[PDB]
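Single chain ahead, by itself, as structure tokens, in the form solved without its partner chain.
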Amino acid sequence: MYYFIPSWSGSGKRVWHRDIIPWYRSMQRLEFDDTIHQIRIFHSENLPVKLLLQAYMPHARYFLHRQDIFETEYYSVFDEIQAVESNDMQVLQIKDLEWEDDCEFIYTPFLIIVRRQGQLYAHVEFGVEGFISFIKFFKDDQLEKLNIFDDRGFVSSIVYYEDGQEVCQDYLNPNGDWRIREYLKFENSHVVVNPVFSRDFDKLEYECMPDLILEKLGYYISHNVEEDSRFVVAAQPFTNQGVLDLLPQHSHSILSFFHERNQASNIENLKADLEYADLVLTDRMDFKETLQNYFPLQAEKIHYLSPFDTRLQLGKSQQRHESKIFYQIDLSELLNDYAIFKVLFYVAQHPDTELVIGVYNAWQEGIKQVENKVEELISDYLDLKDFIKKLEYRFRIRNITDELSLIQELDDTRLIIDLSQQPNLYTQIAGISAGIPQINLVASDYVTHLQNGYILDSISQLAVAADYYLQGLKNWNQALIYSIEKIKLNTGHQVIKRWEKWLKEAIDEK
């Protein structure tokens, strides 16, 4: 069986605590997490797989539903702490909570306000799907308590504040009783167990919560995982030691690097994880390059490889008159003004094309940047008249924040352009799945020149590649063929094949 250890951490000083965010500050995203996408693959191939959840996730069920990995069996370290012996969901109504008898409830486009004789009493808050998330309690206009709710329907933990400052946190059990209390001040930064529960904990007091966590999870790995099991660890940007050390000697490890998590990672801090691990996966050609060049002793086991499935989802672009061009912009780089222009120039001079400039997960600052740079560049070099479709214009800018929306865009798309240094892997994977030829500036496993795609010597040569697929049908039909060959050669079945192969070579070369 495969075991997946995610890195589903928080942003605060307490990594192992998940951010609690009201619905109206949860921006909708296309989560590119390796572990999510690697897991979906396992379900797709109907294979056994378990999640070892290191962190404290009171809303882990709604999190799991939103990533369409609800199905996944998980062991939760914090639920062992809190003695949660059921995943039986029981979604709580506003009414079935213990309220003083004189409480008046005021509704808001954002939350609910509870008052007791006109006095502030509680802010009641909700998550993405309208489950009670947390209630904020008050004592004369100061924050007394914060009751964090579990999405299965009971208060998970309680934060006690003094003078608007975190003091301590009481992780409860489904009945109500504190199992542990973590102190949250600089003063005391450690965790003490309720004596009634000495059965369940080794010590009665811990220096850091990362002790408790690594205690319980360490026990599970040495008492429930059968021999030969495989472990996939999402590399933390720092040492993954307090986890890689808990793994049996009769196991195999994969260290997976996700670029959004590992881009500014403490590179030398991982010296030893790269020495432990059987396989090391990243999503960036250049992350691979650095690892190899920084640590030659591990160079051979580091692999660039997509965590994204290639389905078969051929688009209907032959059923179309205008050639639709999907241009992938990476907002993480500086915009390449020459390259944006070169795509705009091409579309400008070809009335039977249209353009979608696509970006993923964009702040609307970043949208205003992409919009303004095209108005600026069209203004400063081209005639906006030529973009009028013979007051509707032949280019737009699409912020993609859904997987279903990218598919929808790509269906009738006829050509993909990604002029970036690191061509966006996901678009490459969804493009293959739709049979769209892909124009690209740098070579890649996933776009092979004059096969499913054209690799430019230079941005200076874009038109030649665009003419190649848009003039006639010959070249584009041939490319469609090679994208099917790439489609079959990179499905879920094909990923775990590649994983399992790389592994069995590491076993063998010893």
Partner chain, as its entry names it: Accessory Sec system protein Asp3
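Numbering follows the first chain given and starts at 1. So that the term is clear: the rigid core is the largest set of C-alpha atoms that superpose within 1.5 Å between two forms.
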In terms of residues present in the deposited sequence but not modelled, what lies between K390 and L391: none, 1 to 3, 4 to 9, or 10 or more? 10 or more
Quick one: higher average CA temperature factor, 222-230 or 75-83? 222-230
Mean CA B-factor: is it higher for 464-472 or for 60-68? 60-68
Out of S317, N266, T108, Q438, which shows the largest CA B-factor listed in the entry? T108
Please pick out which of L255, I357, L415, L92 has the largest Cα B-factor as recorded in the entry. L92
Give the position of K271 by CA B-factor within its chain, expressed as the lowest, middle or highest third. middle
Chain thirds by Cα B factor, record data; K139 belongs to the highest
Per the entry's values, where does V15 land by CA temperature factor relative to the rest of its chain, in the lowest, middle or highest third? highest
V128, C-alpha B-factor rank within chain (lowest, middle or highest third): middle
Third of the chain's Cα B-factor distribution that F149 belongs to, per the entry: middle
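What comes next is about the form solved in complex with its partner chain, which does not appear here.
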When the contact criterion is heavy atoms within 4.5 Å, does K316 count as touching its partner chain in the entry with it bound? yes
So in the entry with it bound, does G118 come within 4.5 Å of its partner chain, heavy atom to heavy atom? no
Please run the contact check for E268 against its partner chain in the entry with it bound: heavy atoms, 4.5 angstroms, yes or no? no
Heavy atom of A272 within 4.5 Å of its partner chain in the entry with it bound: no
Establish, in the entry with it bound, whether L331, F395 and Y469 all lie within 4.5 Å of its partner chain, using non-hydrogen atoms for the distance. no
Which one, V128, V193, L377, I213, lies within 4.5 Å of its partner chain in the entry with it bound by heavy atoms? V128
Of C208, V167, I407, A299, the one that lies within 4.5 Å of its partner chain in the entry with it bound (heavy atoms): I407
To test your reading of this chain, name the stretch in 120-128, 356-364, 228-236, 300-308 whose heavy atoms come within 4.5 Å of its partner chain in the entry with it bound. 120-128
2 Å-or-more CA mover between this form and the one not shown, where superposition uses the core and the choices are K385, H250, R199, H223: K385
Take the rigid core as the frame of reference and indicate whether the C-alpha of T35 shifts by 2 Å or more between this form and the one not shown. no
When the two forms are laid on each other by their rigid core, does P351 show a Cα shift of 2 Å or more between this form and the one not shown? yes
Does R398 move its CA by 2 angstroms or more between this form and the one not shown when the core is aligned? yes
Are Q28 and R261 closer or farther apart at the Cα level in the entry with it bound than shown, by 3 Å or more? closer
Comparing against this form, do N424 and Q494 have their CA atoms pulled together or pushed apart in the entry with it bound? The difference is 3 Å or more. farther
